[PDB]
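Engineer: opening with a subset of the complex:
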Amino acid sequence: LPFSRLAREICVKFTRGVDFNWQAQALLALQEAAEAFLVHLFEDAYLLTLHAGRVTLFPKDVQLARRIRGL
Amino acid sequence: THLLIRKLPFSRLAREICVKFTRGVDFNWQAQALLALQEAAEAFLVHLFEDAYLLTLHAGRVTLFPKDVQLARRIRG
Amino acid sequence: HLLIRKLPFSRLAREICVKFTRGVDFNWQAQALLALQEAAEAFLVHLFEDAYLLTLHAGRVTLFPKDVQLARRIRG
Amino acid sequence: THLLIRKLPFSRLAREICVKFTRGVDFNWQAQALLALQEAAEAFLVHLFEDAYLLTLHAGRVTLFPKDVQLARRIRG
Amino acid sequence: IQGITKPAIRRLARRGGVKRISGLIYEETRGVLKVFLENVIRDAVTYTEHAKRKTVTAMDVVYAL
Amino acid sequence: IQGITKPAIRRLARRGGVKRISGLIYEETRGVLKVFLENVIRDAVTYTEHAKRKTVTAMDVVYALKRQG
Amino acid sequence: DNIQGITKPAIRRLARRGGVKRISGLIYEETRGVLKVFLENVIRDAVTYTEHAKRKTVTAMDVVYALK
């Protein structure tokens, strides 16, 4: 999806100027980093949920998995 | 400016570790170095225990089982 | 769990201590034997996973002896 | 042994990386230390290539490809 | 308005090796993605307006972490 | 030595927020403290060796801690 | 007969745990050889650590130290 424009609606707010042209490799790297972050966070949260005995995820559990590490 | 782990056992543990890894003469330890080491080790243990306690609170059961502390280290690591 | 039978592992450990030719030196504990079992299995699984990754890089899905040989050589 | 990369460009790179990405203030470098660093980098690169060409020849390709270097780096620690 | 969709969350989660996902976690995933994107764009804008160049993207964004 | 006995660890956890502490955690606490010290002492002694000295000063251990992360 | 204890399906299941899909026939000999070399290394280190102390009875501490 062209979610890139929706992502840039907040950066253009901070820049107060014309949106800069981002390379295709730049968007690819951003998407890969986002996927890596999401998969790492989800795996970490699921580990502690299964430790608690549950099988499904929860907002509290992913919130804890985020807060335990650095912010 | 407080500590709660006894000074002599910690000092002798640190000295024996230093002698163990380094196969040289006994490295003299300045009395400030051991105190700072105790401060750092105490802080690290307190933070690890705090994070382990968070795991138990989310799991309901409070008793700190070693699975909790090892999992907290795994997430921290 | 442990993927091999305990007794053959124990007897191979006994004979590989016997090859040290220091007379009788076999004094085996359950905890020591299981710890060495776990360590050997972990080393083997690391070697196999790395070798399979390398041979997948090679262009074959199977595994061959020259995979594990050079994987061990590169590791050290 | 004789050095492969010319000493001046490596010196420039080392000085700029030290002064910029280490938050150090105009550190001065010793020519012997810099030569030691150049030797270390050259040895590391030649050893990495010696390792990677083993993978390349293993894959049946007489040439060398970057994926070989990434894989060799991944295997080696 | 919202560019984050349920199959997008579920595919990545299943890639992560989870089994079941609550439907109540979509808002939290949107929030964590939002803070992450804010962080990366803040680093990028810092790197672009601190460097002389403006149009190019500084690849040093990797070394911020 | 591992002279860090049960009441010391219990009091440490008590200031750490722990109310009830299991009896199986003393060994793991000793192990984690031992490995943490084996790392910090190693780095600090390497640093002081670099300083061409034989005694160890709080500067060396603070440098080692900063290096550890 | 000594190395016959390590049986062939053990190699297959261990490779399966290692993520390997297929396993060729010739791999068994080199698998047993690398097992032998790793065993002799670790047990050499364990026996020299056990000889460092005056008793000939090994302990779990000796082998875990031998790992390092």
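Structural biologist: Cool, the structure landed. Numbers count the residues shown, from 1 in each chain, chains lettered A, B, ... in the order given.

Engineer: contacts and neighbour counts: CA atoms only from here.
Structural biologist: OK.

Engineer: which strands or helices does the helix ranked longest in chain A pack on?
Structural biologist: In chain A, taking DSSP state H as the definition, the longest helix is helix A:24-52. Here helix A:24-52 touches helix A:59-68, helix B:31-59, helix E:6-16, helix E:26-50, going by 3 or more Cα pairs under 8 Å, 6 or more residues apart in numbering or on different chains; DSSP states H and E.

Engineer: now with 7 Å, please.
Structural biologist: helix A:59-68, helix E:6-16 (3 or more Cα pairs under 7 Å, 6 or more residues apart in numbering or on different chains; DSSP states H and E).

Engineer: buried residues of that helix, list them for me.
Structural biologist: A:34-35, A:38-39, A:41-49, A:51-52 (16 or more other Cα atoms under 10 Å in any protein chain shown).

Engineer: cool, and stretch E:18-36?
Structural biologist: Going by 16+ other Cα under 10 Å, stretch E:18-36 has these buried residues: E:18, E:21, E:25-26, E:29-30, E:32-33, E:36.

Engineer: most packed of the helices and strands packed on helix A:24-52?
Structural biologist: Mean neighbours per residue, mean count of other Cα atoms under 10 Å in any protein chain shown, is largest over the helices and strands packed on helix A:24-52 for helix A:59-68, with a mean of 18.

Engineer: and the contacts of that one?
Structural biologist: A:44-45, A:49, B:51, E:24-25, E:28 (Cα atoms under 7 Å, 6 or more residues apart in numbering or on different chains).

Engineer: one more pass at 10 Å, please.
Structural biologist: A:41-49, A:52, A:58, B:50-52, B:54-55, B:58-59, B:72, B:75-76, E:22-29, E:32 (Cα atoms under 10 Å, 6 or more residues apart in numbering or on different chains).

Engineer: let me know whether residue E:60 touches residue E:47 as I believe.
Structural biologist: Yes. Assessed by Cα atoms under 10 Å, residue E:60 is found in contact with residue E:47 at 8.0 Å.

Engineer: more neighbours: the two, which one.
Structural biologist: The neighbour count for residue E:60 versus residue E:47, taken as other Cα atoms under 10 Å in any protein chain shown, is higher for residue E:47 (19 against 10).

Engineer: how about that one, what does it touch?
Structural biologist: E:41, E:53-54, E:56-61.

Engineer: rerun that using 8 Å as the cut-off
Structural biologist: E:57-58, E:60-61 (Cα atoms under 8 Å, 6 or more residues apart in numbering or on different chains).

Engineer: got the residues of chain E near chain A?
Structural biologist: Contact residues (Cα under 8 Å from any Cα of the partner chain) of chain E with chain A: E:1, E:3, E:12-13, E:15-22, E:24-25, E:28, E:33, E:36-38, E:41-42, E:45, E:54-57.

Engineer: and chain H on top of that:
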Amino acid sequence: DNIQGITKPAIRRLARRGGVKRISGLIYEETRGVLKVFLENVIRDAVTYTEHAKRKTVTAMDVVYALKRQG
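Structural biologist: Same chains as before, plus chain H:
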């Protein structure tokens, strides 16, 4: 740029000493990146040691100790 100080013929010569025969054009950038990472680590550790000794200059002892630490 400064990073381009490690010229392509230098990389080719180093590879020839390494024993490779044919070099793909993509490997130059990857080799530059690997060298950059390795130099970053070694320089960081050597500079840290030099700051420990409280000197403004870096000596061969600092770099050799940094190499020893690296592993």
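
Engineer: what about the buried residues of helix A:24-52 again, now that chain H is present?
Structural biologist: In helix A:24-52, counting by 16+ other Cα under 10 Å, buried: A:34-35, A:38-39, A:41-49, A:51-52.

Engineer: can you get me a residue count around residue E:2?
Structural biologist: 8.

Engineer: now residue E:4
Structural biologist: 15.

Engineer: which phi and psi does it have?
Structural biologist: Dihedral angles of residue E:4 (phi, psi; degrees, to the nearest 10) stand at phi -110, psi 120.

Engineer: look through chain A and state the residue closest to chain B.
Structural biologist: Using Cα to the nearest Cα, the single residue of chain A nearest to chain B is residue A:52, 4.6 Å away.

Engineer: show me what contacts that residue?
Structural biologist: Neighbours of residue A:52 in contact, by Cα under 8 Å, 6+ apart: B:58-59.

Engineer: how about 6 Å then?
Structural biologist: Residues counted as contacts of residue A:52 (Cα atoms under 6 Å, 6 or more residues apart in numbering or on different chains) are residue B:59.

Engineer: before we move on, what about residue E:39?
Structural biologist: No contacts exist for residue E:39 under Cα under 6 Å, 6+ apart.

Engineer: measure it to chain G for me?
Structural biologist: 36 Å (Cα to the nearest Cα, to the nearest Å).

Engineer: distance check, that residue against chain B.
Structural biologist: 21 Å.

Engineer: swap in residue E:36?
Structural biologist: Residue E:36 is 19 Å from chain B, by Cα to the nearest Cα.

Engineer: skipping adjacent residues, who's closest to that residue in space?
Structural biologist: residue A:34 (7.9 Å; Cα to Cα, 6 or more residues apart in numbering or on different chains).

Engineer: again with residue E:4
Structural biologist: residue E:30 is the one closest to residue E:4 (Cα to Cα, 6+ apart), at 6.7 Å.

Engineer: next: residue E:6.
Structural biologist: Closest to residue E:6 by Cα to Cα, 6+ apart is residue E:26, at 7.3 Å.

Engineer: backbone dihedrals for the closest residue to chain G within chain E, please?
Structural biologist: In chain E, the residue that lies nearest chain G is residue E:17 (15.4 Å; Cα to the nearest Cα). For residue E:17, the backbone dihedrals (degrees, to the nearest 10) come out as phi 90, psi 10.

Engineer: how many neighbours does it have?
Structural biologist: 12.

Engineer: now the nearest residue to it once chain neighbours are set aside: how far from chain F?
Structural biologist: In this structure, residue E:17 finds its nearest non-sequential neighbour in residue A:43, 7.0 Å apart by Cα to Cα, 6+ apart. Separation of residue A:43 from chain F (Cα to the nearest Cα): 24 Å.

Engineer: ditto for residue A:49
Structural biologist: 21 Å.

Engineer: okay, now DNA strand I:
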DNA sequence: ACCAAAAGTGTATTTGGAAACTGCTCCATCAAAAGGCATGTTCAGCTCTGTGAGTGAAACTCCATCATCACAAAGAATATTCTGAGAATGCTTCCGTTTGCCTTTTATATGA
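Structural biologist: If we add DNA strand I to the chains shown above, we get the following:
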């Protein structure tokens, strides 16, 4: 334009959150006792600071030689496709080893 894909609406399934029970092991306290830590002395070598001697590191200029771009070619090697055949797998049946459970057995710590 247009076709994959996500949203909406059901629909059957399911696992988790609470309740009730049970045993289990951990907090607390008392006693004591006793082992180990805090305190105080004494000596020596080690660090710290200074002080000057030497030296080498940043800055400079100039020349020569290696990179580099550009060119064309070329052919070596690579990616691709098609084919078969040995080997790797699956399944079944038998059989030989393993493992829990007892039953001896003796090497070592403890005391003297």
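
Engineer: go back to the contacts of helix A:59-68, now with DNA strand I?
Structural biologist: A:45, E:25.

Engineer: ok and the longest helix of chain A relative to helix B:31-59, angle-wise?
Structural biologist: Interaxial angle of helix A:24-52 relative to helix B:31-59 (axes from the mean of the first three to the mean of the last three Cα atoms, to 10 degrees): 80 degrees.

Engineer: and helix A:24-52, how far from the chain's centre?
Structural biologist: 7 Å (Cα atoms, centre = their mean, to the nearest Å).

Engineer: next: stretch A:17-29.
Structural biologist: So, by Cα atoms, centre = their mean, the centroid of stretch A:17-29 is 18 Å from its chain's centroid.

Engineer: can you get me the start-to-end distance on that stretch?
Structural biologist: With Cα to Cα, to the nearest Å as the measure, stretch A:17-29 spans 24 Å from end to end.

Engineer: ok, residues contacting that stretch?
Structural biologist: A:12, E:55.

Engineer: and with 8 Å instead?
Structural biologist: Looking at stretch A:17-29 with Cα under 8 Å, 6+ apart, the contacting residues turn out to be A:4, A:8, A:12, E:54-57.

Engineer: what's the most distant pair in these?
Structural biologist: A:4 and E:54 (18.9 Å; Cα to Cα).

Engineer: in chain A, what residue lies closest to chain G?
Structural biologist: residue A:43 (19.3 Å).

Engineer: quick check: that residue touching residue E:15?
Structural biologist: No. If you go by Cα atoms under 8 Å, residue A:43 and residue E:15 don't touch, sitting 9.5 Å apart.

Engineer: ok, stretch A:35-47 near DNA strand I or not?
Structural biologist: No. Applying Cα under 7 Å from any atom of the strand, one finds stretch A:35-47 separated from DNA strand I by no less than 11.0 Å.

Engineer: tell me the contacts of residue E:57?
Structural biologist: A:22, A:26, E:44, E:47-48.

Engineer: wouldn't residue A:55 be in contact with residue E:20 here?
Structural biologist: Yes. Using Cα under 8 Å, residue A:55 is in contact with residue E:20, at 6.5 Å.

Engineer: ok, of the contacts of stretch A:17-29, which come out buried?
Structural biologist: Of the contacts of stretch A:17-29, these count as buried by 16+ other Cα under 10 Å: A:8, A:12, E:57.

Engineer: chain D: which of these is nearest?
Structural biologist: Closest to chain D, out of all of the buried ones among the contacts of stretch A:17-29 and judged by Cα to the nearest Cα, is residue E:57, at 18.3 Å.

Engineer: would you mark the buried spots in stretch A:6-23?
Structural biologist: Across stretch A:6-23, burial judged by 16+ other Cα under 10 Å covers A:7-8, A:11-12.
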